[PDB]
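Participant:
Residue numbers (the authors' numbering): 1 to 399, 409 to 632.
1) Distance check for residue 476 and residue 266, CA to CA, integer angstroms please.
2) Between the alpha carbons of residue 500 and residue 386, how many angstroms are there, rounded?
3) Mind reading off the beta-carbon distance from residue 288 to residue 314? Whole number of angstroms is fine, and I expect it under 8 angstroms.
4) Which same chain residues end up closer than 6 angstroms to residue 239 when comparing Cβ atoms and leaving out the 5 residues on each side of it in sequence?
5) In whole angstroms, give me the CA-to-CA distance for residue 36 and residue 512.
6) Assuming residue 17 contacts residue 28 (C-beta within less than 8 angstroms), just tell me the rounded distance between them.
7) Given 8 angstroms as the limit, is there contact between the region 337–350 and the region 304–319, that is, 3 or more CB pairs closer than that?
8) So, is residue 417 buried or exposed, given that buried needs 16 or more other C-beta atoms within 10 angstroms?
9) When you compare the CB of residue 162 with every CB in chain C, is at least one pair closer than 7 angstroms?
10) Would you give the residue range spanned by the alpha helix (DSSP H) that residue 389 belongs to?
11) Got a sec, what are the start and stop residues for the alpha helix (DSSP H) residue 619 sits in?
12) Please classify residue 421 as buried or exposed, where buried requires at least 16 other C-beta atoms within 10 Å of its C-beta.
13) Beta-carbon within less than 6 angstroms of residue 456's beta-carbon, same chain only, minus the 5 sequence neighbours each way: which residues are those?
14) What would DSSP say about residue 123, mapped onto helix, strand or coil?
15) What is the residue span of the beta strand (DSSP E) that residue 300 lies within?
16) Do the CB positions of residue 440 and residue 431 come within less than 7 angstroms of each other?
17) What is the DSSP secondary structure of residue 315, counted as helix, strand or coil?
18) With distance defined between alpha-carbon atoms, name the residue in 335, 394, 4 nearest to residue 414.
19) Assess contact between the region 159–177 and the region 73–90, defined as three or more Cβ pairs (one per stretch) separated by less than 8 angstroms. Is contact present?
20) Where residue 158 and residue 133 are concerned, what is the direct C-alpha to C-alpha distance, given to the nearest angstrom?
21) Is residue 203 closer than 7 angstroms to residue 197 when the C-beta atoms are compared?
22) Apply the 10 Å Cβ neighbour rule to residue 147 and answer buried if 16 or more other Cβ atoms are within range, or exposed otherwise.
23) Please state whether DSSP places residue 225 in a helix, a strand or coil.
24) CB residue 401 to CB residue 496, shorter than 7 angstroms?
25) Secondary structure at residue 626, three-state DSSP: helix, strand or coil?
26) Does the distance from the C-beta atom of residue 45 to that of residue 149 stay below 7 angstroms?
27) Given this structure, state the Cα-to-Cα distance separating residue 438 from residue 523, to the nearest angstrom.
28) On the DSSP bridge list, what partners appear for residue 398?
29) So, for residue 622: in the same chain, excluding its five sequence neighbours on each side, which residues have a beta-carbon less than 7 angstroms away from its beta-carbon?
30) To the nearest angstrom, how far is it from the Cα of residue 567 to the Cα of residue 102?
31) Excluding five sequence neighbours on each side, which residues of the same chain lie with their C-beta closer than 7 angstroms to the C-beta of residue 591?
32) Would you mind listing the beta strand (DSSP E) stretches within the region 1–44 that are 3+ residues and don't spill past its ends, in chain order?
33) I'd like the list of long-range same chain contacts for residue 427, defined as Cβ closer than 8 angstroms, with 5 residues on each side in sequence excluded.
34) Where in the region 153–213 do unbroken runs of the alpha helix (DSSP H), each at least 4 residues long, occur, reported from the N-terminal end onward?
35) Let's test the definition: count the other Cβ atoms within 10 Å of the Cβ of residue 576 and tell me whether it reaches 16, buried, or not, exposed.
36) Whole angstroms is fine: what's the gap from residue 558's alpha carbon to residue 569's?
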């Protein structure tokens, strides 16, 4: 896998022992399977928490929450049971442990079940359920000139009294934490994104929070859509971002500014980006999702398995990095085609770790991995993002200096760098494939039937980083036409289908030196005037279902038309640039395109004007 990276099997299936306490008697007991990793740092001490499934990996069986902890970066560990189940039957269990760290405290939330042999979402009642919180006090000692840590786990307290029988209509049944690692909000509040059931057995996600160090708890009034389980949240720019599991569908992502009273789906950034399997028709997964600062830049790390094998095997655990704008594939963290569903990612002392499941034949260990390679790659990307943003923002624009070029919401940028078959994204996330292209300064020159560049949108397949363009985007480019065309020919646009035939929004040019702006499926009215050899600034925007086409900073006459019927959400196949990149399409666009920019919002009038005025200053060629 990742060069320089290494792992150990820390929680070793059928091997590792835990202190199994029953009736006042403690015994070192071999554990069949460990799942549900949550990896954290408490004041310098690493803490690994998980399910110890004593006798089988079957979800409804004997389970205690285990913790291992280390003061030496995961080279040695102490082992305890952080929370024990009721001991009521052979299938008594505390489950889906969700962890928050505040100061020296470990807040661990778990469901508690006594005797049921069926999975919790299937319960018609709450007779077998409780919801418990345990607190672990971590203290460190230097006696003897060594660092020794210790964790005192308090007795669990039931938080059931805080569950209302009714929510916004519905009657509630049960709730659990979303597993893995939750957060302290900046305002000090403990926040657990939770999964809840109603008496219809629908499942949904909410915010469960405490303003008093967890002595009392409250629920936000809002909620994800039905079907969202195992929510994971982070705080970004004042808002909670709740990334959810949806079985057999794309991951839905929500933002909330008021502790869960309102939830808005994040359609312009991360919702619908991650598919649970190549066809997005398989069970989903728990995911690690954290906000961190690496080399001075606030970012987000997210893991999810690709699940090529399908059903619940969940092979090929993947790690992603995003600044809420660009989304990059760090790569496969797990090894080969091993099954590896649940993960927890920890960044501690400028070192990156991942605690994760490996599954062979329904027997589960957790490996503890040092992500040396991944971090290195993460730091490279971050540096390219920071550098191109800096480059753009430092340009003195034609007034001293006019307004700065905007990088807010800048997602991709195709400029100088290219190879024979791709035009490279300067932000290193998504490239455009090319045909009949000759490199030129800061761009490409295209010729012949089949020419162009294709920048994939739904074509990205499983993971669709540019899913926001279905809701809002600005695509920008400098174009130069070298030959009058035989008939209308394409320059730039967003295609609803694979050929480029059905267009959401686009710009063509025709034999009579007129432009042909395309608004959805509307009939086309040719307008304006163009000259060969002259370089033009083109801007296409779409927001709130309306598309506009600008040339040289001014809207084409007739722009600002509806491009999306109101019944549906677009499913853009790709953006086409400088032809269709389709042999099947008869057109021959002979043109040069430089400096293509893609934003996840509609730029405003000034921002558009600034870009037109700085055409010749944005190129990457020189830096």
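Yeah, the Cβ is synthetic: ideal placement off N, Cα and C, and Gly gets one too.
Facilitator: Judging by the given coordinates:
1) One alpha carbon belongs to residue 266, the other to residue 476, and they sit about 10 angstroms apart.
2) 30 angstroms
3) The distance from the Cβ of residue 288 to that of residue 314 is about 14 angstroms, inconsistent with a contact at the 8 angstroms cut-off.
4) 255, 257
5) 45 angstroms
6) 4 angstroms
7) yes
8) exposed
9) Included in the structure is just one protein chain, with no chain C present.
10) 372–393
11) For residue 619, the enclosing alpha helix (DSSP H) stretches over residues 614–622.
12) So residue 421 ends up on the buried side.
13) 445, 599
14) If DSSP states are grouped into helix, strand and coil, residue 123 belongs with coil.
15) 297–305
16) yes
17) strand
18) 394
19) no
20) 6 angstroms
21) yes
22) exposed
23) coil
24) Absent from the coordinates is residue 401, which sits in the stretch where the chain moves from 399 straight to 409.
25) helix
26) yes
27) 35 angstroms
28) Answer by DSSP bridge pairing, in chain order: 410.
29) 397, 398, 411
30) 57 angstroms
31) 459, 508, 509
32) The DSSP assignment places complete beta strand (DSSP E) segments of no fewer than 3 residues inside the region 1–44 at 6–11, 17–22, 25–30, 33–42, in order along the chain.
33) Within the same chain, 433, 443, 446, 448, 453 come within 8 angstroms of residue 427 by CB-CB distance, once the 5 residues on both sides are set aside.
34) none
35) exposed
36) If I take the Cα positions, the gap works out to 8 angstroms.
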